[PDB]
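Below is one structure, written out as structure tokens; the observations come after it.
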Number of protein chains: 2
Amino acid sequence: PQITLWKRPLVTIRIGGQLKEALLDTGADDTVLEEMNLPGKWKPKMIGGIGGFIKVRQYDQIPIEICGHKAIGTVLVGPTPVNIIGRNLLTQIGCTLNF
Amino acid sequence: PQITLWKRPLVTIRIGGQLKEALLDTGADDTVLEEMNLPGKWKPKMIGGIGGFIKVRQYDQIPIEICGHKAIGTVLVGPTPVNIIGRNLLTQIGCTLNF
Ligand SMILES: CC[C@H](C)CN(C[C@@H](O)[C@H](Cc1ccccc1)NC(=O)[C@@H](O)C(C)C)S(=O)(=O)c1ccc2ncsc2c1
């Protein structure tokens with residue numbers, strides 16, 4: 001689809017059978033989701049945003065369906081203000097910026 | 001133009017006599033620029049991202065040139081590591097997300 005930007009680009013995602021709202025975020029390298037349980041091994045990581053650094057858990061090769069488009073990749077889980085879909089998964093679903 | 005997201009969507013912006021690189025950021029409600037001493041009235045504001053909040057100065061009706069597209073609007077100035085072009089200006093230059 002085409003998404004305009006007068007409102008936040010919030011979309012429904014499906015992960016682990018669960019539906020969540022997430023923000024299509026071209027200013028994020030990486031996808032970061034709010035606290036949740038995912039299976040498998042994770043690696044502790046730190047990431048730094050506009051307000052400082054947080055600790056997250058890195059899960060690799062996680063299937064997510066974003067607005068009906070399948071992705072399989074890395075998801076960071078931690079105290080992000082909002083679920084954000086970053087470029088690692090935006091590239092997978094063929095998302096581009098256009099003007 | 002079409003901008004793929006294999007790399008950070010950095011473009012050149014112009015604000016007065018300053019040329020800077022900025023992210024076309026669909027995850028950003030507002031435009032946030034690194035520290036600079038713009039003329040005219042401003043108001044203090046707090047904005048939150050990953051890691052918490054920072055204090056910014058809100059300037060209204062500031063002209064900004066983004067890839068030779070004219071914009072004018074609110075710009076928040078503060079201690080960000082990266083210049084961020086938010087949705088308030090992204091819509092003025094006709095920017096959409098597409099997949
Ligand atoms: C809420 C979702 C999101 C976390 C908001 N942020 C935009 C997001 O694209 C920011 C943009 C950014 C990039 C580099 C350095 C700092 C910030 N990205 C990120 O926070 C993550 O990718 C970090 C790992 C950097 S932001 O913190 O930069 C931001 C940007 C604009 C804005 N306007 C009103 S509140 C507000 C917050």
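Chains: A, B, ... in order of the structure tokens. Residues: from 1 per chain. Ligands: from 1, in order shown.
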
Residual all-Cα deviation (RMSD) between chain B and least-squares-fitted chain A, paired in order, is 0.6 Å

For chain A, list the residues within 6 Å of chain B, counting only C-alpha atoms, and write the list as a ChimeraX atom specification.
-> /A:1-5,25-27,49-54,80,87,91,94-99

Resulting file, chosen residues, N, CA, C and O atoms, as a short mmCIF file (atom, residue, chain, number, x, y, z; two decimals), in the first residue's frame:
```cif
data_model
loop_
_atom_site.label_atom_id
_atom_site.label_comp_id
_atom_site.auth_asym_id
_atom_site.auth_seq_id
_atom_site.Cartn_x
_atom_site.Cartn_y
_atom_site.Cartn_z
N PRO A 1 0.80 -1.22 0.00
CA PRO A 1 0.00 0.00 0.00
C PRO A 1 0.84 1.28 0.00
O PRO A 1 2.06 1.23 0.21
N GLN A 2 0.19 2.42 -0.25
CA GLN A 2 0.81 3.73 -0.08
C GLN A 2 0.33 4.32 1.24
O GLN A 2 -0.87 4.32 1.52
N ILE A 3 1.27 4.81 2.04
CA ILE A 3 0.97 5.39 3.35
C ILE A 3 1.43 6.85 3.42
O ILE A 3 2.62 7.15 3.25
N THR A 4 0.48 7.75 3.69
CA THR A 4 0.78 9.17 3.84
C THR A 4 1.18 9.46 5.28
O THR A 4 1.05 8.60 6.14
N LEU A 5 1.66 10.67 5.54
CA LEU A 5 2.30 10.93 6.83
C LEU A 5 1.67 12.05 7.65
O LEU A 5 2.29 12.57 8.58
N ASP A 25 9.20 3.11 10.86
CA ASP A 25 10.16 4.07 11.38
C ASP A 25 11.44 4.07 10.54
O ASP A 25 12.38 3.33 10.83
N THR A 26 11.50 4.93 9.53
CA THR A 26 12.66 4.97 8.63
C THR A 26 13.93 5.51 9.30
O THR A 26 15.05 5.23 8.85
N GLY A 27 13.77 6.25 10.41
CA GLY A 27 14.91 6.73 11.20
C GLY A 27 15.50 5.73 12.19
O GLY A 27 16.44 6.07 12.93
N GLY A 49 19.33 6.02 21.88
CA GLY A 49 18.47 6.89 21.10
C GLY A 49 18.64 8.32 21.53
O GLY A 49 19.66 8.71 22.14
N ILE A 50 17.63 9.12 21.22
CA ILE A 50 17.68 10.54 21.51
C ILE A 50 17.82 10.84 23.01
O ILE A 50 18.37 11.88 23.38
N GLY A 51 17.32 9.95 23.85
CA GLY A 51 17.30 10.19 25.29
C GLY A 51 18.35 9.45 26.09
O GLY A 51 18.39 9.57 27.30
N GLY A 52 19.20 8.68 25.42
CA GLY A 52 20.23 7.90 26.09
C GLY A 52 20.17 6.44 25.70
O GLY A 52 19.49 6.07 24.73
N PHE A 53 20.89 5.61 26.46
CA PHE A 53 21.05 4.20 26.15
C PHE A 53 20.12 3.31 26.97
O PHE A 53 19.86 3.59 28.15
N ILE A 54 19.62 2.25 26.33
CA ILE A 54 18.83 1.22 27.00
C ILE A 54 19.42 -0.17 26.76
O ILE A 54 20.18 -0.37 25.83
N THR A 80 11.55 0.43 24.70
CA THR A 80 11.25 1.43 23.69
C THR A 80 9.90 2.09 24.02
O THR A 80 8.99 1.41 24.50
N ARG A 87 14.63 -0.29 9.65
CA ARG A 87 15.01 -0.57 8.27
C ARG A 87 15.33 -2.04 8.01
O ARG A 87 15.14 -2.51 6.89
N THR A 91 13.21 -3.03 4.69
CA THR A 91 13.81 -3.49 3.44
C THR A 91 13.23 -4.83 3.01
O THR A 91 12.98 -5.05 1.82
N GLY A 94 9.92 -4.54 1.20
CA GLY A 94 10.00 -3.71 0.00
C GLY A 94 9.59 -2.26 0.19
O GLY A 94 9.17 -1.61 -0.76
N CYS A 95 9.74 -1.75 1.42
CA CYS A 95 9.29 -0.39 1.75
C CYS A 95 10.29 0.65 1.27
O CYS A 95 11.51 0.49 1.43
N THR A 96 9.79 1.71 0.64
CA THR A 96 10.62 2.82 0.19
C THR A 96 9.96 4.14 0.55
O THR A 96 8.76 4.20 0.85
N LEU A 97 10.77 5.20 0.55
CA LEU A 97 10.27 6.57 0.68
C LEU A 97 10.17 7.18 -0.71
O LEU A 97 11.05 7.00 -1.55
N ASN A 98 9.10 7.92 -0.92
CA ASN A 98 8.78 8.48 -2.22
C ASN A 98 8.23 9.89 -2.08
O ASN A 98 7.33 10.12 -1.28
N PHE A 99 8.79 10.81 -2.86
CA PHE A 99 8.22 12.14 -2.99
C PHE A 99 8.49 12.72 -4.37
O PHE A 99 8.90 11.99 -5.28
#
```

Measuring atom to atom with only C-alpha atoms, identify which of B:60, B:37, B:31, B:66 is nearest to residue 19 in chain B.
->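 Residue with the minimum atom-to-atom distance to residue 19 in chain B: B:66.
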
Determine which residues of chain A DSSP labels as helix (DSSP H, G or I) from the backbone of this structure, then write them out as number ranges by chain.
-> A: 87-90

Could the residues in this selection be written to a file with C-alpha atoms, as a CSV table (one decimal), in the first residue's frame?
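So result09.csv came out as:
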```
chain,number,residue,atom,x,y,z
A,87,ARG,CA,15.0,-0.6,8.3
A,88,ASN,CA,16.1,-4.2,8.8
A,89,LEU,CA,12.6,-5.3,8.3
A,90,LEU,CA,11.3,-2.4,6.1
```

Going by DSSP on the backbone, which bits of chain A are strand (DSSP E)? Write them as an mmCIF file with N, CA, C and O atoms, in the first residue's frame, please.
```cif
data_model
loop_
_atom_site.group_PDB
_atom_site.id
_atom_site.type_symbol
_atom_site.label_atom_id
_atom_site.label_comp_id
_atom_site.auth_asym_id
_atom_site.auth_seq_id
_atom_site.Cartn_x
_atom_site.Cartn_y
_atom_site.Cartn_z
ATOM 1 N N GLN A 2 0.192 2.417 -0.255
ATOM 2 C CA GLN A 2 0.814 3.731 -0.076
ATOM 3 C C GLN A 2 0.335 4.321 1.240
ATOM 4 O O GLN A 2 -0.868 4.321 1.517
ATOM 5 N N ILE A 3 1.275 4.813 2.044
ATOM 6 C CA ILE A 3 0.969 5.388 3.350
ATOM 7 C C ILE A 3 1.431 6.849 3.424
ATOM 8 O O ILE A 3 2.622 7.146 3.251
ATOM 9 N N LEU A 10 1.204 3.839 11.721
ATOM 10 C CA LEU A 10 0.999 2.686 12.574
ATOM 11 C C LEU A 10 0.364 1.562 11.768
ATOM 12 O O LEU A 10 -0.605 1.779 11.038
ATOM 13 N N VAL A 11 0.912 0.359 11.908
ATOM 14 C CA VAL A 11 0.387 -0.801 11.223
ATOM 15 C C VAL A 11 0.240 -1.945 12.196
ATOM 16 O O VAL A 11 0.883 -1.968 13.236
ATOM 17 N N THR A 12 -0.614 -2.892 11.845
ATOM 18 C CA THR A 12 -0.752 -4.120 12.606
ATOM 19 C C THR A 12 0.307 -5.096 12.146
ATOM 20 O O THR A 12 0.517 -5.279 10.944
ATOM 21 N N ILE A 13 0.985 -5.697 13.116
ATOM 22 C CA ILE A 13 1.941 -6.750 12.852
ATOM 23 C C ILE A 13 1.469 -8.029 13.524
ATOM 24 O O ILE A 13 0.710 -7.995 14.491
ATOM 25 N N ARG A 14 1.917 -9.156 12.988
ATOM 26 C CA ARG A 14 1.660 -10.459 13.585
ATOM 27 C C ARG A 14 3.000 -11.076 13.937
ATOM 28 O O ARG A 14 3.856 -11.250 13.078
ATOM 29 N N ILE A 15 3.182 -11.396 15.211
ATOM 30 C CA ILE A 15 4.410 -12.034 15.671
ATOM 31 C C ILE A 15 4.047 -13.081 16.717
ATOM 32 O O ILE A 15 3.389 -12.772 17.700
ATOM 33 N N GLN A 18 0.521 -13.298 17.824
ATOM 34 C CA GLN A 18 0.032 -12.138 18.556
ATOM 35 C C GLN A 18 -0.053 -10.939 17.624
ATOM 36 O O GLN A 18 0.846 -10.727 16.814
ATOM 37 N N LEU A 19 -1.118 -10.153 17.745
ATOM 38 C CA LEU A 19 -1.263 -8.925 16.969
ATOM 39 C C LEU A 19 -0.876 -7.722 17.823
ATOM 40 O O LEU A 19 -1.352 -7.578 18.951
ATOM 41 N N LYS A 20 -0.015 -6.870 17.271
ATOM 42 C CA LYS A 20 0.437 -5.662 17.928
ATOM 43 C C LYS A 20 0.418 -4.526 16.919
ATOM 44 O O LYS A 20 0.483 -4.766 15.717
ATOM 45 N N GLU A 21 0.316 -3.297 17.419
ATOM 46 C CA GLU A 21 0.460 -2.098 16.594
ATOM 47 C C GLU A 21 1.928 -1.687 16.634
ATOM 48 O O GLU A 21 2.552 -1.712 17.699
ATOM 49 N N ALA A 22 2.480 -1.330 15.478
ATOM 50 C CA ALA A 22 3.862 -0.862 15.395
ATOM 51 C C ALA A 22 4.008 0.263 14.388
ATOM 52 O O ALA A 22 3.237 0.387 13.430
ATOM 53 N N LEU A 23 5.032 1.064 14.618
ATOM 54 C CA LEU A 23 5.297 2.269 13.859
ATOM 55 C C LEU A 23 6.355 2.011 12.792
ATOM 56 O O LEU A 23 7.461 1.549 13.097
ATOM 57 N N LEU A 24 6.007 2.295 11.540
ATOM 58 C CA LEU A 24 6.972 2.239 10.446
ATOM 59 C C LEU A 24 7.932 3.424 10.589
ATOM 60 O O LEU A 24 7.541 4.579 10.449
ATOM 61 N N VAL A 32 12.609 -2.490 17.101
ATOM 62 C CA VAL A 32 12.619 -2.562 18.558
ATOM 63 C C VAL A 32 11.182 -2.658 19.050
ATOM 64 O O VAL A 32 10.371 -1.759 18.800
ATOM 65 N N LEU A 33 10.869 -3.753 19.743
ATOM 66 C CA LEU A 33 9.536 -3.973 20.291
ATOM 67 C C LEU A 33 9.542 -3.883 21.810
ATOM 68 O O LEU A 33 10.548 -4.186 22.457
ATOM 69 N N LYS A 43 20.618 -12.472 22.830
ATOM 70 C CA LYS A 43 21.866 -11.844 23.210
ATOM 71 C C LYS A 43 21.528 -10.488 23.825
ATOM 72 O O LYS A 43 20.714 -9.757 23.268
ATOM 73 N N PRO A 44 22.112 -10.170 24.994
ATOM 74 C CA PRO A 44 21.992 -8.814 25.531
ATOM 75 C C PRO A 44 22.729 -7.805 24.654
ATOM 76 O O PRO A 44 23.842 -8.079 24.204
ATOM 77 N N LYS A 45 22.105 -6.655 24.419
ATOM 78 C CA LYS A 45 22.704 -5.585 23.627
ATOM 79 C C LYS A 45 22.322 -4.250 24.247
ATOM 80 O O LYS A 45 21.369 -4.183 25.017
ATOM 81 N N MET A 46 23.062 -3.195 23.911
ATOM 82 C CA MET A 46 22.676 -1.841 24.298
ATOM 83 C C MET A 46 22.490 -0.998 23.061
ATOM 84 O O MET A 46 23.246 -1.125 22.099
ATOM 85 N N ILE A 47 21.449 -0.171 23.077
ATOM 86 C CA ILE A 47 21.212 0.783 22.000
ATOM 87 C C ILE A 47 20.933 2.151 22.588
ATOM 88 O O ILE A 47 20.425 2.269 23.706
ATOM 89 N N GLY A 48 21.301 3.179 21.830
ATOM 90 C CA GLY A 48 21.199 4.559 22.278
ATOM 91 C C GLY A 48 20.358 5.386 21.334
ATOM 92 O O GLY A 48 20.621 5.442 20.148
ATOM 93 N N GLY A 49 19.334 6.023 21.877
ATOM 94 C CA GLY A 49 18.470 6.885 21.105
ATOM 95 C C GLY A 49 18.645 8.324 21.527
ATOM 96 O O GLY A 49 19.655 8.709 22.137
ATOM 97 N N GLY A 52 19.202 8.684 25.422
ATOM 98 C CA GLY A 52 20.232 7.904 26.088
ATOM 99 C C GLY A 52 20.171 6.440 25.695
ATOM 100 O O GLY A 52 19.488 6.069 24.734
ATOM 101 N N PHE A 53 20.885 5.615 26.459
ATOM 102 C CA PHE A 53 21.048 4.200 26.147
ATOM 103 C C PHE A 53 20.116 3.315 26.969
ATOM 104 O O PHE A 53 19.859 3.589 28.145
ATOM 105 N N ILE A 54 19.617 2.255 26.331
ATOM 106 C CA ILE A 54 18.833 1.221 27.004
ATOM 107 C C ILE A 54 19.415 -0.173 26.762
ATOM 108 O O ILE A 54 20.177 -0.374 25.827
ATOM 109 N N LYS A 55 19.066 -1.122 27.625
ATOM 110 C CA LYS A 55 19.393 -2.532 27.398
ATOM 111 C C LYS A 55 18.222 -3.196 26.688
ATOM 112 O O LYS A 55 17.068 -2.980 27.041
ATOM 113 N N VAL A 56 18.542 -3.994 25.682
ATOM 114 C CA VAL A 56 17.560 -4.770 24.939
ATOM 115 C C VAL A 56 18.029 -6.223 24.812
ATOM 116 O O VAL A 56 19.197 -6.544 25.078
ATOM 117 N N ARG A 57 17.106 -7.096 24.419
ATOM 118 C CA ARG A 57 17.420 -8.496 24.124
ATOM 119 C C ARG A 57 17.268 -8.712 22.630
ATOM 120 O O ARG A 57 16.227 -8.377 22.057
ATOM 121 N N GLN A 58 18.304 -9.268 22.006
ATOM 122 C CA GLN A 58 18.324 -9.482 20.570
ATOM 123 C C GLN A 58 17.884 -10.898 20.222
ATOM 124 O O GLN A 58 18.530 -11.873 20.608
ATOM 125 N N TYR A 59 16.790 -10.993 19.476
ATOM 126 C CA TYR A 59 16.322 -12.261 18.938
ATOM 127 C C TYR A 59 16.498 -12.259 17.428
ATOM 128 O O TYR A 59 16.080 -11.329 16.744
ATOM 129 N N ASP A 60 17.115 -13.312 16.908
ATOM 130 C CA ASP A 60 17.368 -13.401 15.472
ATOM 131 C C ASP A 60 16.389 -14.337 14.766
ATOM 132 O O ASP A 60 15.827 -15.251 15.374
ATOM 133 N N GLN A 61 16.194 -14.081 13.478
ATOM 134 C CA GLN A 61 15.375 -14.924 12.613
ATOM 135 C C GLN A 61 13.962 -15.148 13.167
ATOM 136 O O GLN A 61 13.477 -16.279 13.257
ATOM 137 N N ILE A 62 13.310 -14.045 13.524
ATOM 138 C CA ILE A 62 11.934 -14.059 14.001
ATOM 139 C C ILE A 62 11.001 -13.671 12.852
ATOM 140 O O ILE A 62 11.129 -12.572 12.290
ATOM 141 N N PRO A 63 10.054 -14.562 12.498
ATOM 142 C CA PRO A 63 9.031 -14.174 11.527
ATOM 143 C C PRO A 63 8.081 -13.089 12.065
ATOM 144 O O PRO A 63 7.548 -13.205 13.186
ATOM 145 N N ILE A 64 7.903 -12.032 11.277
ATOM 146 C CA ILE A 64 6.884 -11.025 11.529
ATOM 147 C C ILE A 64 6.167 -10.739 10.216
ATOM 148 O O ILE A 64 6.805 -10.568 9.167
ATOM 149 N N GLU A 65 4.841 -10.691 10.273
ATOM 150 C CA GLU A 65 4.042 -10.282 9.124
ATOM 151 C C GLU A 65 3.600 -8.855 9.397
ATOM 152 O O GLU A 65 2.951 -8.591 10.395
ATOM 153 N N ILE A 66 3.994 -7.948 8.510
ATOM 154 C CA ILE A 66 3.770 -6.523 8.670
ATOM 155 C C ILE A 66 2.761 -6.106 7.622
ATOM 156 O O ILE A 66 3.056 -6.089 6.418
ATOM 157 N N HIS A 69 2.656 -8.448 4.872
ATOM 158 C CA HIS A 69 3.919 -8.720 4.181
ATOM 159 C C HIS A 69 4.882 -9.444 5.130
ATOM 160 O O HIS A 69 5.169 -8.971 6.234
ATOM 161 N N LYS A 70 5.360 -10.607 4.691
ATOM 162 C CA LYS A 70 6.187 -11.475 5.514
ATOM 163 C C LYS A 70 7.635 -10.992 5.620
ATOM 164 O O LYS A 70 8.253 -10.618 4.628
ATOM 165 N N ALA A 71 8.159 -10.990 6.841
ATOM 166 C CA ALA A 71 9.567 -10.749 7.084
ATOM 167 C C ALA A 71 10.089 -11.825 8.017
ATOM 168 O O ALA A 71 9.323 -12.430 8.770
ATOM 169 N N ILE A 72 11.395 -12.087 7.947
ATOM 170 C CA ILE A 72 12.046 -12.955 8.933
ATOM 171 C C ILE A 72 13.393 -12.342 9.266
ATOM 172 O O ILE A 72 14.292 -12.307 8.425
ATOM 173 N N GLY A 73 13.533 -11.843 10.486
ATOM 174 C CA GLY A 73 14.781 -11.205 10.869
ATOM 175 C C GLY A 73 14.892 -10.874 12.333
ATOM 176 O O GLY A 73 14.191 -11.443 13.164
ATOM 177 N N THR A 74 15.791 -9.936 12.627
ATOM 178 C CA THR A 74 16.169 -9.588 13.989
ATOM 179 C C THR A 74 15.164 -8.630 14.642
ATOM 180 O O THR A 74 14.663 -7.686 14.014
ATOM 181 N N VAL A 75 14.853 -8.922 15.902
ATOM 182 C CA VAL A 75 13.961 -8.115 16.701
ATOM 183 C C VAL A 75 14.645 -7.848 18.027
ATOM 184 O O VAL A 75 15.110 -8.780 18.693
ATOM 185 N N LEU A 76 14.735 -6.571 18.386
ATOM 186 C CA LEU A 76 15.246 -6.181 19.680
ATOM 187 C C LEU A 76 14.046 -5.941 20.587
ATOM 188 O O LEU A 76 13.060 -5.348 20.164
ATOM 189 N N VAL A 77 14.135 -6.416 21.826
ATOM 190 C CA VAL A 77 13.037 -6.316 22.771
ATOM 191 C C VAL A 77 13.531 -5.551 23.992
ATOM 192 O O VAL A 77 14.568 -5.884 24.558
ATOM 193 N N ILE A 84 8.586 -0.187 17.195
ATOM 194 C CA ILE A 84 9.090 0.409 15.965
ATOM 195 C C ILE A 84 9.635 -0.635 15.004
ATOM 196 O O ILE A 84 10.444 -1.506 15.374
ATOM 197 N N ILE A 85 9.170 -0.546 13.757
ATOM 198 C CA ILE A 85 9.692 -1.364 12.672
ATOM 199 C C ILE A 85 10.781 -0.554 11.995
ATOM 200 O O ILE A 85 10.504 0.487 11.395
ATOM 201 N N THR A 96 9.786 1.707 0.640
ATOM 202 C CA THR A 96 10.615 2.818 0.191
ATOM 203 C C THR A 96 9.960 4.143 0.551
ATOM 204 O O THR A 96 8.764 4.197 0.847
ATOM 205 N N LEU A 97 10.765 5.204 0.546
ATOM 206 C CA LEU A 97 10.268 6.569 0.677
ATOM 207 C C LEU A 97 10.169 7.181 -0.706
ATOM 208 O O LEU A 97 11.046 6.995 -1.550
ATOM 209 N N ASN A 98 9.098 7.924 -0.920
ATOM 210 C CA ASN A 98 8.782 8.476 -2.218
ATOM 211 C C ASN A 98 8.231 9.886 -2.081
ATOM 212 O O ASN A 98 7.333 10.121 -1.281
#
```

Coordinates-based distance that separates atom 8 (C, counted along the ligand's line) of ligand 1 from CA of residue 39 in chain B (Å, one decimal) =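 Atom 8 (C, counted along the ligand's line) of ligand 1 lies at a distance of 26.6 Å from CA of residue 39 in chain B.
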